[PDB]
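# Reading the structure
The lines below spell out each chain.
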Amino acid sequence: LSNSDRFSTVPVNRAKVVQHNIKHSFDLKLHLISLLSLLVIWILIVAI
Amino acid sequence: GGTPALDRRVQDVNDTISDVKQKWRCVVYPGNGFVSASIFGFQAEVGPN
Amino acid sequence: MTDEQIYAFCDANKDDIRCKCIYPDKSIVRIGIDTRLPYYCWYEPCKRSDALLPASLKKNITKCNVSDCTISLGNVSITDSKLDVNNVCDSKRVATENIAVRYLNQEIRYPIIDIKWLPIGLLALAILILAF
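Residues numbered from 1 in each chain as written, not as in the entry; some residues may be left out. Chains lettered and ligands numbered in written order. Part of a larger assembly, values for the part shown. Heavy atoms only, no water.

Under the PDB entry, the name given to chain C is Protein OPG104, and the source organism is Orthopoxvirus vaccinia. In the PDB, the title recorded for this entry is "Cryo-EM Structure of the Vaccinia Virus Entry/Fusion Complex (EFC) Lacking the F9 Subunit". What the UniProt record of chain C gives under Function is the line "Envelope protein part of the entry-fusion complex responsible for the virus membrane fusion with host cell membrane during virus entry. Also plays a role in cell-cell fusion (syncytium formation)." Of chain C, the UniProt comment under Sequence similarities reads exactly: "Belongs to the orthopoxvirus OPG104 family." (UniProt positions renumbered as here; feature names shortened; annotations may be inferred.)

For chain B, the name recorded in the PDB entry is Envelope protein OPG155, with Orthopoxvirus vaccinia as its organism.

## Quick notes on a nonpolar patch on the surface
Residues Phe26, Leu28, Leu30 and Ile33 of chain A together with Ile108, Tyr110, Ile112, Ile113, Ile115, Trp117 and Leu118 of chain C make up a contiguous nonpolar surface patch of about 1,200 Å² in total accessible area. Secondary-structure elements contributing two or more residues to the nonpolar patch are helix 2 (30-47) of chain A together with helix 5 (117-126) of chain C. One can find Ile33 of chain A in helix 2. Judged by its relative accessible area of 47%, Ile33 of chain A is partly exposed. (Patch = residues over 30% accessible without salt bridge, like charges linked within 9 Å, V, L, I, M, F, W, Y side chains within 5 Å. Areas by Shrake-Rupley, 256 points an atom, 1.4 Å probe, with all protein chains shown as cover. Salt bridge = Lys/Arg side-chain N within 4 Å of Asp/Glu carboxyl O. Helix = DSSP H or I, 4+ residues; strand = E, 2+ residues; numbered from the N terminus. Buried < 20%, exposed > 50% of the residue type's maximum accessible area, 1.4 Å probe, protein only.)

## Here's the deal with the state of the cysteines
Residues and elements named next belong to chain C. Following the criterion strictly, the structure yields 4 disulfides over all chains and no others. With a sulfur-sulfur separation of 2.0 Å, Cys10 is cross-linked through a disulfide to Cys19. Across the S-S bond linking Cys10 and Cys19, the dihedral sits near -65°, which makes this disulfide left-handed. (Disulfide = S-S within 2.5 Å.)

Structure representation (structure tokens):
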């Protein structure tokens, strides 16, 4: 009962908690990074 | 994963009673009908006096 | 409320549901004595939220349903791991590995270079004048 207020009387949808955590989190833009890297490599070798 | 969602707002008496002896149980009474019973006796109604 | 008003309420109407735990029938306490289990531990009116209880009755009720077993760990040292101590002394408590998720209210840092770089960057552009 020390941490009784730590628990929830109502049920908790923990899947939605994890989904909001994923939604509002830093986006490692590997798509942009990969496109930029390929463009850099092509410019450095083929173009220049 | 984890554990199933639990709604405290709906009270279940069986959660608090951890001993079978203390739970109220409907059982067959050979004398007449069926009666409630437990280690605390039979559920009863108040008489006149 | 105060004990005197409690007694007045419970003896004005000794059959009140709220004032039933305080003034139970002698049958209930005698059953509790025979069973060797105090009546206030199992009596249903004593569990009512609106049931009023004096100091003595509540401090006796607190004695009901308490286990006596002690864990005395030593010098615990854990790194890059997870620890969870549950004082379940074979009390019909199922092994629970429920992961406690929370709302990470994260603030995303933005890729802002310290604007103290603004003079230096200007100097960079300035060196184009050397190429002229």
